[PDB]
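# Structural features, examined
Listed here are the chains, written in short residue letters.
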Amino acid sequence: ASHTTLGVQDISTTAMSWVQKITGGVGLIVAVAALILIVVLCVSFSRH
Amino acid sequence: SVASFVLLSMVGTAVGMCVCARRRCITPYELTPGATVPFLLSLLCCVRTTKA
C-alpha cells in the first residue's frame, strides 16, 4: 500500500500551536532597544 | 507600453518634487548666520542631514 505517502512536511496537529507559540521571540524588543539607543545617540550621531 | 512610460513620467515628476522640496527646505537656511536647526534637520532630515 503506497497510497498513503507523507513527506517531510507533516501536521504537528495540536502541537502545531505549541511550535506556533514557541516561534515567538524577543528579537522585536531587542531591535526596539537598539533603535532607541541609536536615536538617543543620534543627538551626537549624524550620519556615520 | 504607453501606460508604462506615462507612469514612469509621474514617478519622474514625483522625484522632481522631492528635489524641489529639498531645495525649498534648504533655501530658508541658505547658510543663515545663526546656523542652527535643532528641530528641523535633526528631525525632518530634509537634506544633508550629516550636518545638523
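As deposited, the entry is annotated with cryo-EM as its determination method and 3.92 Å as its resolution.

### Overview of the overall build of chain A
When helices and strands are counted, chain A shows two helices and zero strands. The principal-axis extents of the C-alpha atoms in chain A amount to approximately 70 × 20 × 5 Å.

### A look at the UniProt feature "disulfide bond" in chain B
Residue and element names in this part refer to chain B. Only sulfur pairs under 2.5 Å apart are read as disulfides, and the UniProt pair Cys-25 and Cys-46, at 2.0 Å, is one of them here. Residue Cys-25 is located in helix α1 (residues 2-29), and its partner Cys-46 is located in the segment after α1; the two are separated by 21 residues in the primary sequence. The partly exposed category is assigned to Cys-25, whose relative accessible area is 26%.

### Concerning a nonpolar patch on the surface
All names here are of chain B. Together, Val-2, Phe-5, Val-6, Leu-7, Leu-8, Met-10 and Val-11 make up an exposed nonpolar region whose accessible area comes to about 640 Å². On the secondary structure map, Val-2 appears in helix α1. The exposure class assigned to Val-2 is exposed, which follows from its relative accessible area of 54%.

### Observations regarding the state of the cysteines
Residue and element names in this part refer to chain B. One pass over the full model with this rule turns up one disulfide over all chains. The side chain of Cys-25 participates in a disulfide bridge whose partner is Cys-46; the two sulfur atoms lie 2.0 Å from each other. Handedness here is read from the sign of the S-S torsion; for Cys-25 and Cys-46, about -105°, the answer is left-handed. Of all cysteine sulfurs, the one in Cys-20 lies closest to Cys-18, which takes part in no disulfide; the gap is 9.4 Å. Looking at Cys-20, the relative accessible area reads 33%, which means it is partly exposed.

Definitions and cut-offs
- Residues numbered from 1 in each chain as written, not as in the entry; some residues may be left out.
- Chains lettered and ligands numbered in written order.
- Part of a larger assembly, values for the part shown.
- Heavy atoms only, no water.
- Helix = DSSP H or I, 4+ residues; strand = E, 2+ residues; numbered from the N terminus.
- Disulfide = S-S within 2.5 Å.
- UniProt positions renumbered as here; feature names shortened; annotations may be inferred.
- Buried < 20%, exposed > 50% of the residue type's maximum accessible area, 1.4 Å probe, protein only.
- Patch = residues over 30% accessible without salt bridge, like charges linked within 9 Å, V, L, I, M, F, W, Y side chains within 5 Å.
- Areas by Shrake-Rupley, 256 points an atom, 1.4 Å probe, with all protein chains shown as cover.
- Salt bridge = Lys/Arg side-chain N within 4 Å of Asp/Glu carboxyl O.

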